[PDB]
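Inside the fold
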Amino acid sequence: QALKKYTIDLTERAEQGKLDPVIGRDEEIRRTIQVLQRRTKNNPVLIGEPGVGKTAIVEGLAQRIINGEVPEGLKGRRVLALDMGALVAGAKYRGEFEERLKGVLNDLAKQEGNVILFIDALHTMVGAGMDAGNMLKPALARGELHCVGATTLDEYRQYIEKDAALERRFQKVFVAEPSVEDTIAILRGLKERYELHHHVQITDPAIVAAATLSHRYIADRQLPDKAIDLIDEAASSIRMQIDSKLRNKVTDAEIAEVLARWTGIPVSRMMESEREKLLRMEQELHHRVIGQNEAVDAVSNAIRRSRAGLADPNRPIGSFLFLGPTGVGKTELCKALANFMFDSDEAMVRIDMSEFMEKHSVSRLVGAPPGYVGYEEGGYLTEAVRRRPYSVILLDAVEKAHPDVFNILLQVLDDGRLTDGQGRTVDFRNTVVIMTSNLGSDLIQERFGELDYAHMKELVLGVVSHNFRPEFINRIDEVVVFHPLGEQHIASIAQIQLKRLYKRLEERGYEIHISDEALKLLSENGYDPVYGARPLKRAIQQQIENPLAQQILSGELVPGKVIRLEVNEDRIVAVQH
Amino acid sequence: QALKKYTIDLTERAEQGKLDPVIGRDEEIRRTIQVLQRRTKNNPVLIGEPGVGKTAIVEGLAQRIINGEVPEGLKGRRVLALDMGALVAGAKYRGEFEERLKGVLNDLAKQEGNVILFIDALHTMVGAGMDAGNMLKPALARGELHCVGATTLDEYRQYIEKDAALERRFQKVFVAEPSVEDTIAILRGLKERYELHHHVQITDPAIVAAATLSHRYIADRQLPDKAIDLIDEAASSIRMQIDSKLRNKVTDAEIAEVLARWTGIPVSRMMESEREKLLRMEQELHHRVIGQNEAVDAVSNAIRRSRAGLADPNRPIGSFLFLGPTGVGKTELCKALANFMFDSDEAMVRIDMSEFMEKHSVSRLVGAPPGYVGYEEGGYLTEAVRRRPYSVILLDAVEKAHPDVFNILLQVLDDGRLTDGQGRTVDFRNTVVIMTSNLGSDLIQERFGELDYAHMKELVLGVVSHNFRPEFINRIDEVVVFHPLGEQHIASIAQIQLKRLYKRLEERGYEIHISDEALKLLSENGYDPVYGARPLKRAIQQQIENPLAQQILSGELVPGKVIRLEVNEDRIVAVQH
Amino acid sequence: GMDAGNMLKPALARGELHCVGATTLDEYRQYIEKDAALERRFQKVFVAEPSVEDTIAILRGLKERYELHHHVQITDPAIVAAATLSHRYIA
Amino acid sequence: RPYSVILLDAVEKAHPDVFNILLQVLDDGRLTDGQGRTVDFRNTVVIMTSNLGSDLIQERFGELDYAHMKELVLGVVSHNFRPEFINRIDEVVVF
Ligand SMILES: Nc1ncnc2c1ncn2[C@@H]1O[C@H](COP(=O)(O)OP(=O)(O)OP(O)(O)=S)[C@@H](O)[C@H]1O
Ligand SMILES: Nc1ncnc2c1ncn2[C@@H]1O[C@H](COP(=O)(O)OP(=O)(O)O)[C@@H](O)[C@H]1O
Ligand SMILES: Nc1ncnc2c1ncn2[C@@H]1O[C@H](COP(=O)(O)OP(=O)(O)O)[C@@H](O)[C@H]1O
């Protein structure tokens with residue numbers, strides 16, 4: 001016979017107990033029993049995006065047939081898993097696959113309607129040699145074959161809904177992804193099975209945490225399989241930490257460590273080390289951003305409102321409109337924010353809006369529509385956020401952008417979603433959009449003297465109201481205003497540049513000190529109201545990197561010696577003492 | 001049993017010491033024990049480059065099993081390599097090989113999970129013509145086999161990531177290339193094994209030299225395999241030098257001899273030092289370009305200052321300004337610098353920047369937005385850099401463009417990067433940027449005498465300071481002065497062309513010489529104050545070759561005559577003596 | 001034709017065989033660089049296509065061979081011209 | 001037939017990746033096909049036509065020389081083509 005060859009018995013395996021005792025799913029199984037008890041077209045196909053457990057539905061049906069919870073037309077059935085891969089094995093000759101398939105069909109006709117077939121990956125049945133649909137297809141029509149498909153919706157619309165007769169043979173039992181409490185019940189049955197597997201124990205707050213956070217963070221896989229993967233690798237981690245040298249109980253700290261190994265996101269709560277960071281988040285950000293207190297207050301309040309569960313699950317973490325003097329640390333607050341937010345000065349997406357001066361540049365930023373040249377790789381913003389969900393976007397110099405781009409940002413800052421050219425949505429609810437401009441720079445550099453921050457923000461917000469449309473400036477979470485710098489802040493910037501210079505040259509091997517008079521000459525040589533601290537940057541770079549490295553590479557200076565940077569009338573001389 | 005017939009044990013070999021104690025890769029073995037102790041996804045397939053010892057990871061796993069360095073789920077587990085040889089041999093009949101693998105899987109089902117299978121070349125078992133692999137998918141589906149695979153990433157993404165059951169019965173183990181010191185420790189253990197084997201000796205500075213020379217040069221083979229090949233074939237070379245016509249230690253000079261005898265062929269004197277390589281870089285730059293050492297040594301000084309690394313590595317390497325006469329050797333200097341510096345002449349990007357004056361022209365030097373014209377061409381300025389990661393960019397006629405292109409160039413000299421129209425990062429921090437103009441063409445062509453390199457440099461530096469941006473000369477490391485040609489350049493280039501012509505005629509069988517007066521006539525027929533060498537090229541070609549090839553195909557010239565290229569009254573004739 | 005390879009592939013992976021191979025780089029790149037049990041039993045010996053003068057000496061030995069065969073005479077300028085014209089023209 | 005005459009007639013119409021193919025030709029004389037191997041082009045006369053200097057020559061070939069005409073139409077083709085392509089020509093003769 002061929003049923004022993006090519007078909008696997010499920011009801012024997014559910015009778016031995018070698019399957020998942022899946023909990024729930026009763027409405028899909030009731031619809032499958034509706035379809036399997038018809039007269040013609042007895043052919044359900046289970047359509048779901050992967051991971052929703054369609055194999056689990058058919059095996060739960062097999063378990064109900066064994067236990068006897070089925071109507072009086074399914075008692076005694078044998079559910080058989082046909083293998084479409086195991087039939088195209090030796091078919092290298094002519095008419096050899098047809099021998100196997102018709103042997104299977106004659107055996108299933110000889111069984112006299114007591115066998116429910118189950119073709120997992122039903123899209124494989126289309127091409128297996130015309131060829132493989134076109135032998136089953138009258139048996140699927142006349143209802144004598146009680147086939148049960150199990151497919152994915154993308155594969156269904158690609159393979160089967162192009163072939164119309166095979167599409168009308170089957171019946172769609174549309175399977176949705178289960179909820180989080182349903183996933184909890186699933187993981188309770190599997191908690192019994194896993195605690196009998198590893199000889200470990202599992203705690204139910206870890207189960208509800210794993211299911212909820214796996215719905216929250218991993219949007220790539222689907223529930224419940226990603227949750228089961230979390231639970232099982234947590235169990236294996238505990239099982240190896242038993243014999244790597246002491247628990248037997250899995251808690252959600254282990255789930256957080258496993259999920260950090262998966263995706264890297266700060267899933268863990270306050271461990272009283274990053275909480276001391278977050279309570280002094282302002283004092284943290286003043287290690288790199290000296291002064292500019294109001295916006296540091298606002299942005300650290302935005303992150304502290306995000307981490308505390310007070311974050312709105314529709315809007316992003318925060319929109320921001322940076323104004324003020326041109327170029328002081330817009331970029332420095334942004335890069336230090338990316339540093340103390342997730343990693344470093346590299347997990348940001350900078351988009352210079354001065355490039356975006358026409359509408360086809362807006363086509364660049366969103367993406368090309370179908371039937372156009374750059375359709376196949378999408379836009380620039382939305383591809384960047386699909387790469388980097390947990391990031392900070394820096395739209396830089398938004399005043400040079402054509403005002404239509406603010407409509408893209410209307411969508412962005414309304415609901416955290418933006419649809420690119422290829423017809424897909426991007427979630428912005430894990431980003432911090434920050435937009436910089438200079439639409440009040442002369443006014444803020446002039447009338448800052450003894451005018452408070454509130455009325456200054458009011459007046460420059462009126463200016464921006466004359467600039468933009470009211471629709472967009474309603475969407476801004478908080479406009480903040482940078483104030484102009486002072487000379488002690490210039491001294492602080494010079495101290496930070498001397499610290500990184502001493503770090504680089506101590507990694508090189510030198511020990512260099514400086515006089516305070518040289519720092520005063522740098523503060524003289526590095527400021528204007530119209531540019532700010534980039535004159536200080538180029539002044540430090542010219543007056544240090546050019547003469548001192550020339551003195552070092554002249555075979556003159558020795559590593560290890562104290563190199564006191566003495567001053568000159570116009571320059572900086574170095575000594576070996 | 002077929003366990004002794006079609007499986008090869010590895011635990012017996014490590015028990016009897018018939019394997020090799022592979023050092024390192026602790027994290028991968030730990031994650032493999034994580035994956036092998038689950039209930040789902042229980043089959044890790046090792047994924048890495050060819051020649052990285054994934055089978056060595058399995059051997060170290062089996063050594064930890066035998067020695068007892070495994071958790072309490074692997075003590076008592078055997079590791080059996082499935083014999084691809086006799087099995088893939090026996091694939092003649094439809095029932096001969098199938099019976100073999102059937103009996104093998106019946107034996108593995110009889111072992112009841114107590115025995116772990118090993119399979120190498122997993123894609124070969126998947127693609128074999130249930131031909132081979134879906135004979136095992138009814139076992140790996142039902143969970144009666146806990147085997148471990150090994151394949152390359154391309155075969156895993158094509159043959160396994162495409163499939164549906166096969167994608168989920170397997171797990172990724174992402175092995176990469178080992179580090180330098182890991183290779184050092186592995187080669188120390190193999191030094192012990194080889195000095196016990198070949199009865200020769202191996203030097204440990206020769207080991208770290210072999211690792212460095214292997215990682216720098218051999219690109220196809222990877223670590224550890226190329227280093228092991230160097231060490232052991234050098235040991236065989238020392239063994240042959242015992243019976244050559246003494247020595248027992250494998251020294252680093254022997255490693256350099258093996259490296260030269262392989263397909264890399266370096267000079268070992270080139271691999272002695274980097275500063276001697278800088279001095280020979282200078283000397284070979286004074287070979288293809290004859291005379292005029294000032295700008296060449298200035299570029300050499302700038303290159304040594306960049307390779308000293310005392311400046312910012314967030315900027316590109318080179319920033320010069322070749323001025324004066326156009327096309328007389330700026331191209332040749334760029335080709336010689338790119339040749340002797342990194343690899344060859346193809347590290348050049350010669351772009352006439354007089355083209356990009358319109359707005360969409362500026363869009364084409366970054367790339368067209370998605371859905372539009374020049375998108376598939378690329379950005380024309382970054383596309384040559386992405387393919388040439390260590391290039392020398394030659395911007396010709398940079399002053400004849402739009403000022404925002406100069407802003408883009410300042411962004412290049414600032415950040416060392418530029419995002420193209422296709423939406424990715426293009427790094428510029430390893431290239432040599434050279435821009436040219438003609439502000440000092442006649443300033444040098446009329447004042448070649450009585451003015452040295454420094455005063456002409458200060459004069460044309462004042463000229464460029466009057467003409468161009470202040471930020472333009474801020475970012476140039478040295479505004480150099482490219483030299484006008486002398487007559488020794490003319491004589492050198494003309495004699496090189498005569499050398500290749502005399503080589504081709506000697507291959508035909510003609511020995512021809514030239515008088516000095518004919519070289520004077522060529523120098524007068526080739527020289528012009530704006531072009532120089534290439535009118536000399538076409539003048540040499542015409543005035544020599546065309547009457548000569550008229551005469552050779554006239555039956556006039558016979559090989560075996562002293563042929564001096566004498567002169568006419570004002571022309572050049574070939575005579576026979 | 002088990003036939004000739006996959007019985008000798010156990011001789012690879014059993015520590016007995018001392019074989020020497022030779023093939024085209026085409027079938028090397030297409031058939032030999034793929035197999036797993038065939039990698040760590042072999043080693044690339046890149047045979048160089050010979051130079052001019054080595055070809056000249058080989059042709060002088062075979063000049064003796066062919067003058068013994070055809071009962072004609074072969075000139076050595078014709079040999080060096082044959083090797084040079086073959087290298088210059090035929091690809 | 002390795003000794004032949006190849007007329008790539010009116011080459012300016014085609015797509016610029018074909019000019020990448022011909023850069024391979026003029027660089028080496030060997031060209032990889034789809035099967036994989038390479039074919040020697042070092043005995044053929046690869047001739048190309050165009051008309052990219054049409055109105056330029058029908059305007060200015062009168063009362064001008066021949067050399068600066070070649071220079072000016074070389075500038076026109078430098079607007080059209082790539083500089084490596086006009087670099088790797090033996091000689092661009094202009095009608
Ligand atoms: N109701 C359920 N109860 C218990 N486990 C379930 C349930 N539904 C799904 N699962 C688990 O989900 C995992 C795989 O689910 P499946 O439904 O088999 O995925 P799938 O239907 O095969 O989708 P693809 O495309 O074939 S991967 C297994 O670990 C099942 O145990
Ligand atoms: N608060 C600060 N602390 C330390 N350095 C800063 C601070 N603010 C500005 N800088 C320096 O000022 C410069 C301003 O550059 P940037 O932020 O790009 O200009 P813009 O203000 O136009 O965004 C930066 O290069 C940075 O090094
Ligand atoms: N830790 C190690 N110690 C010694 N030799 C090793 C080690 N890792 C790999 N090798 C060498 O690598 C070769 C095995 O190749 P392998 O790693 O199985 O191929 P792949 O690189 O495709 O996985 C053996 O010759 C072995 O000597």
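Residues numbered from 1 in each chain as written, not as in the entry; some residues may be left out. Chains lettered and ligands numbered in written order. Part of a larger assembly, values for the part shown. Heavy atoms only, no water. Residues with missing side-chain atoms left out of burial classes, pairs and counts.

Per the deposited record, determination of this structure is attributed to cryo-EM, with the resolution reported as 3.9 Å.

1. Comments concerning a nonpolar patch on the surface
All names here are of chain D. Together, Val5, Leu7, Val45 and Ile47 make up an exposed nonpolar region whose accessible area comes to about 370 Å². Counting only elements with at least two residues in the nonpolar patch, the list comes to β1 (5-8) and β4 (45-48). Position of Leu7 among the secondary structure elements: in strand β1. (Patch = residues over 30% accessible without salt bridge, like charges linked within 9 Å, V, L, I, M, F, W, Y side chains within 5 Å. Areas by Shrake-Rupley, 256 points an atom, 1.4 Å probe, with all protein chains shown as cover. Salt bridge = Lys/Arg side-chain N within 4 Å of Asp/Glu carboxyl O. Helix = DSSP H or I, 4+ residues; strand = E, 2+ residues; numbered from the N terminus.)

2. Some details on a positive patch on the surface
Together, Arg350, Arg500, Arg504, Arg508, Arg534 and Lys537 of chain B together with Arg88 of chain C make up a positively charged patch on the protein surface. Of all the secondary-structure elements, those providing two or more residues to the positive patch are α23 (487-508) and α25 (533-552) of chain B. Among the secondary structure elements, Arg350 of chain B is positioned in strand β10 (residues 348-352). (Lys, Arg positive; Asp, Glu negative; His and termini not counted. Charge placed at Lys NZ, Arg CZ, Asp CG, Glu CD.)

3. Things to note about the packing of aromatic side chains
Tallied over the entire structure, the rule returns 15 aromatic pairs over all chains. Centroid distance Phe356 of chain B to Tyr380 of chain B: 5.5 Å. Interplanar angle 70°. Geometry classified as edge-to-face. With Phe356 of chain B in the loop between β10 and α17 (359-364) and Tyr380 of chain B in the loop between α17 and α18 (383-387), this residue pair connects regions lying 24 residues apart in the sequence. A relative accessible area of 29% means that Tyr380 of chain B is categorised as partly exposed. Connected via pairs of aromatic rings, a cluster forms that spans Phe320, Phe322 and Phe482 of chain A. A cation over an aromatic ring shows up here: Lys277 of chain A above the ring of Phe340 of chain A, its NZ or CZ 4.5 Å from the ring centre. (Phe/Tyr/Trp six-rings, centres within 6.5 Å; stacked < 30°, edge-to-face > 60°. Buried < 20%, exposed > 50% of the residue type's maximum accessible area, 1.4 Å probe, protein only. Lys NZ or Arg CZ within 6 Å of the ring centre and 35° of its normal.)

4. Overview of the interface of chain B and chain A
With 39 residues of chain B at the interface, the matching set in chain A holds 45 residues. Here chain B and chain A share an interface that buries about 4,000 Å² over both sides, 50% of which is from carbon and sulfur atoms. Of all residues in chain B, the largest losses of buried area upon contact with chain A belong to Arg38, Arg39 and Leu310 of chain B, amounting jointly to 18% of the total for that side. Our count for the chain B to chain A interface comes out at seven salt bridges. A salt bridge links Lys41 of chain B to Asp229 of chain A; the shortest N-O distance between them is 2.7 Å. Sorting elements by how many residues they give to the side of chain B that touches chain A places helix α2 (residues 26-35) of chain B first, with three residues. (Contact = heavy atoms within 4.5 Å. Buried area = accessible area lost by both parts, 1.4 Å probe.)

5. Brief notes about the site of ligand 2
Residues and elements named next belong to chain A. Close to ligand 2 lie 14 residues, the nearest being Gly327, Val328, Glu332, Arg534 and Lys537. Between ligand 2 and the protein, one listed contact pairs a nitrogen atom with a backbone N or O atom of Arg288 at 3.0 Å. For ligand 2, an oxygen atom lies 3.4 Å from a polar atom in the backbone of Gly329. In isolation ligand 2 offers 570 Å² of accessible surface; the protein chains occlude 91% of this area. Listing elements by their share of the shell around ligand 2, those giving two or more residues are α16 (330-341) and α25 (534-545). Looking at the shell around ligand 2 element by element, the count peaks at three residues for α16. Considered class by class, the residues forming the shell around ligand 2 number five nonpolar, four polar and five charged. (Near = heavy atom within 4 Å. Polar contact = N/O pair within 3.5 Å; in protein donor to acceptor, adjacent residues only side chain to side chain. Nonpolar A, V, L, I, M, F, W, Y, C, P; charged D, E, K, R; others polar.)

6. Thoughts on the site of ligand 1
Taken together, the neighbourhood of ligand 1 is formed by 18 residues, with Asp20, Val22, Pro50, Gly53 and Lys54 of chain A sitting nearest. The environment around ligand 1 is built from residues contributed by chains A and B. The separation between an oxygen atom of ligand 1 and a polar main-chain atom of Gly51 of chain A is 3.4 Å. Contact between ligand 1 and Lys54 of chain A: an oxygen atom at 2.4 Å from a main-chain N or O atom of the residue.

7. A few points about a negative patch on the surface
Taken together, the side chains of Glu376 and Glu377 of chain A, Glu376 of chain B together with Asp17 of chain D present a region of like negative charge at the surface. By the secondary structure assignment, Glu376 of chain A is in the loop between α17 (359-366) and α18 (381-387). Taking the relative accessible area as the measure of exposure, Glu376 of chain A reaches 71% and is therefore exposed.

8. What about the arrangement of the chains?
For the four pairs of chains in contact, the maximum contact count is reached by chains A and B. Contact between chain A and chain C is absent, and the minimum C-alpha spacing across the pair is 18 Å. One finds no contact linking chain A with chain D; the least C-alpha distance across the pair is 15 Å.

9. Regarding the nonpolar core
If you look at the biggest cluster of nonpolar residues, it comprises 61 residues, and the most contacted ones within it are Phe320, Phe322, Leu395 and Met435 of chain B. Beyond its immediate stretch of four places on either side in the chain, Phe322 of chain B contacts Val299, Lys330, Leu333, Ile434, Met435, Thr436, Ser437, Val480 and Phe482 of chain B. Judged by nonpolar contacts, the second largest core, of 38 residues, contains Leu323, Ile351, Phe356 and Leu381 of chain A. (Core = buried A, V, L, I, M, F, W, Y, C linked by side-chain atoms within 4.5 Å.)

10. Points about the sheet that holds strand β3 (residues 78-82) of chain B
All names here are of chain B. Spatially, β1-β3-β4 is the arrangement adopted by the three strands of the open sheet, whose pairing is mixed. The sheet is open, and its two borders are formed by β1 (7-9) and β4 (115-118), each paired with just one other strand. Taking the axes of each pair of neighbouring strands and ignoring which way they run, one obtains an average angle of 35° across the sheet. Where β3 lies against β4, four bridges are found, and the strand directions are parallel. Directly across from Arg78, in β4, lies its bridge partner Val115. (Pairing = 2+ DSSP bridges. Axes fitted to C-alpha atoms, helices over the stretch in contact; angles between N-to-C directions.)

11. Remarks on helix α5 (residues 97-110) of chain A
Residue and element names in this part refer to chain A. Given a rise of 1.5 Å per residue, 14 residues ought to cover 20 Å, and the 20 Å separating the end C-alpha atoms of α5 matches this to within 8%. Of all the residues in α5, the buried ones are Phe97, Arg100, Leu101, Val104, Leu105, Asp107 and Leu108. For α5, the buried positions fall inside an angular range of 160° around the axis, keeping them on one side. Of the exposed residues in α5, those oriented more than 90 degrees away from the buried face are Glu99 and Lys110. Where α5 is buried, its residues contact α1 (3-6), β3 (78-82), β4 (115-120) and α6 (133-141). One or two steps after α5, the chain reaches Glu112, where phi turns positive at roughly 60°. (Expected span 1.5 Å × (residues − 1). Arc of directions from axis to C-beta.)

12. A look at the side chain of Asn339 of chain B
When you line up the elements, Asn339 of chain B lands in helix α16 (residues 330-341). Once you skip the residues sitting within four places of it in the chain, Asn339 of chain B turns out to touch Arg288, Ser344 and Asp345 of chain B.

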